[PDB]
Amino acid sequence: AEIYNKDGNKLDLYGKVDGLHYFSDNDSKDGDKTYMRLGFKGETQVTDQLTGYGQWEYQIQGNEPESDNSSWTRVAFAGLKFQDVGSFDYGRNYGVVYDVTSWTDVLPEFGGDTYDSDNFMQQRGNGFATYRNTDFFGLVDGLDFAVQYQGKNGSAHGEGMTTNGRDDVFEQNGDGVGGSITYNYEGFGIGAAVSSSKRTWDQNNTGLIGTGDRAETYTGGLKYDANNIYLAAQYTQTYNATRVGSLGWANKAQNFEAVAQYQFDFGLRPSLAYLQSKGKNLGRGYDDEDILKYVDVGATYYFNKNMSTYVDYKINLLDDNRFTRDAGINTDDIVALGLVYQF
């Protein structure tokens, strides 16, 4: 909600409370999942064509006792935007791969998990410097592109250390570069993205699988968003980038996400999605294994812009086998039931 707008600056304070419950045969995926998000979007008019902005978003879990409550920053960045030239922002933000893969990340509860947070330039992560050009200098409405640099987020000790270092190797990265191009026209969307990150010393020298010099993602995507119908698909082919449970990363992975949705006038929105991640030549005796594979059927009912409720059913297609147990990958179904207020 816009709670301030005065003398050239405005501030949107926004958030939500999701009363959320998971039902699953997997005990680790069963029970209260209530949480909230809080954020602000600030924007200031410097001149006719130049605006400064800042954004911050924070998740606070609501399913924990008061002795040990968990929370974190999703994004936190500042930037500058010049009309018919472009923008620059820096901070914790989304990787440019997500400019395309976000198109399928629209399920009621699940989805968007053929990749993780702090997972190279694929989703949210630290220290992105992002240059964006919107509508090609105002000459081609709908044509957007971005170039993105991610600085090294290293270890918390020893060699390859950064000031914001982290001992979990799955959350580290070296210097990376990425780009995205997208074109939207009368509801039809088409986009490509590419990212290339250096892998740090710790992630290649701790005995995990999917070691190598660089992490790489190549993404293509298509969507249709008009007349109350939402169709989208994305295919990403990764190298040393996709996480495989606890085992490490996938030498090669082929990720595919597809979604179909329809918005009824009275507020009902049914959703059918298919997500899949295929590990190829994973090593460690596993050759070719499904890292992820499930069908998602669900529905959100929008009371209005400020309130909704939804059910989401993750029909898990993975087999319980040696690879999934070793990696610690869930192969059980999850049904999500949620009640959501937002402002």
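Numbering starts at 1 and runs along the sequence shown.
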query	finding
Mean Cα B-factor comparison, 170-178 or 76-84, giving the higher one as deposited	76-84
Stretch with the higher entry mean CA B-factor, where the candidates are 307-315 and 276-284	276-284
Residue with highest C-alpha B-factor in the PDB entry, from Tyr94, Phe120, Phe188, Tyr149	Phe188
For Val295, the third of its chain into which the C-alpha B factor falls	middle
Ranked against its chain, the third holding the CA B-factor of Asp333	highest
Position of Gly221 among the chain's modelled residues by C-alpha B-factor, lowest, middle or highest third	middle
Within-chain third of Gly125 by Cα B-factor, per the entry	lowest
Record-listed C-alpha B factor of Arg325: chain third	middle
